[PDB]
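Participant: Let me begin by handing over the structure; questions about it come next.
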Amino acid sequence: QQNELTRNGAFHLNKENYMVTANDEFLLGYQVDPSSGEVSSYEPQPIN
Amino acid sequence: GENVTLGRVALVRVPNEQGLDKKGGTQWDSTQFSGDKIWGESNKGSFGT
């Protein structure tokens, strides 16, 4: 719920293999299954 | 004529290479954001050759 909107895409990985920004702020994304097609669950969560 | 293997080179990969801290002489060390040093051989799994 506590998320902020941005535009630059300078992303990288941290030790936990989460795609974060320069400030170590975790990105959010949609959950789709390995066999799914379109978005399954619309609630965002960090990309692994 | 004794052909014997003397060892093999160790290869180290960290999950977050951007987070490695910079020492002198083109050298780095592991830090808390760089992850833990993953010790592996070459040409195995995700490692290069």
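Participant: Normalised by the number of residues in chain A, what is the relative contact order in percent for Cα pairs under 8 Å and 6+ residues apart?
Facilitator: Worked out over chain A, it gives 28 percent.
Participant: Something else: I need the peptides A:17-26, A:33-42 ranked by packing, meaning the mean over residues of other C-beta atoms within 10 angstrom, with the highest value on top.
Facilitator: Those peptides, ordered most packed to least, come out A:17-26, A:33-42.
Participant: Where Rh is the Kirkwood radius over the Cα pairs of chain A, the temperature 25 °C and the viscosity 0.890 mPa s, what D in µm²/s does Stokes-Einstein return?
Facilitator: 206 µm²/s
Participant: Setting aside same-chain residues fewer than 8 positions from residue B:22, which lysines have a Cα under 25 Å from its Cα?
Facilitator: A:15, B:37
Participant: Can you give me the long-range amide H partners of residue A:29? Hydrogens built in the peptide plane at 1.01 Å from N, cutoff under 5 Å, separation of 5 or more residues or another chain.
Facilitator: A:45, A:47
Participant: While we're looking at this one, here's another question. Could you tell me what a quarter of the Cα convex hull surface of chain B works out to, in nm² with one decimal place?
Facilitator: Result: a mean projected hull area of 5.0 nm².
Participant: While we're on this one: Please work out the Cα center distance from region A:1-19 to region B:7-49, rounded to the nearest Å.
Facilitator: 23 Å
Participant: Here is a further query. Can you tell me how much longer the chain between residue B:23 and residue B:6 gets when fully stretched, taken as 0.36 nm per residue apart minus their C-alpha distance, in nm with one decimal?
Facilitator: Separation in residues times 0.36 nm, less the Cα-Cα distance, equals 3.2 nm.
Participant: Once the Cα gyration tensor of the protein assembly as shown is found, what semi-axes does its equivalent ellipsoid get, as square roots of 5 times the eigenvalues, in whole Å, sorted largest first?
Facilitator: 37, 20, 9
Cβ sites come from the backbone with ideal geometry, for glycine too, and all protein chains shown count toward neighbours. Bear in mind that the values in this text are calculations on the coordinates, not laboratory data.
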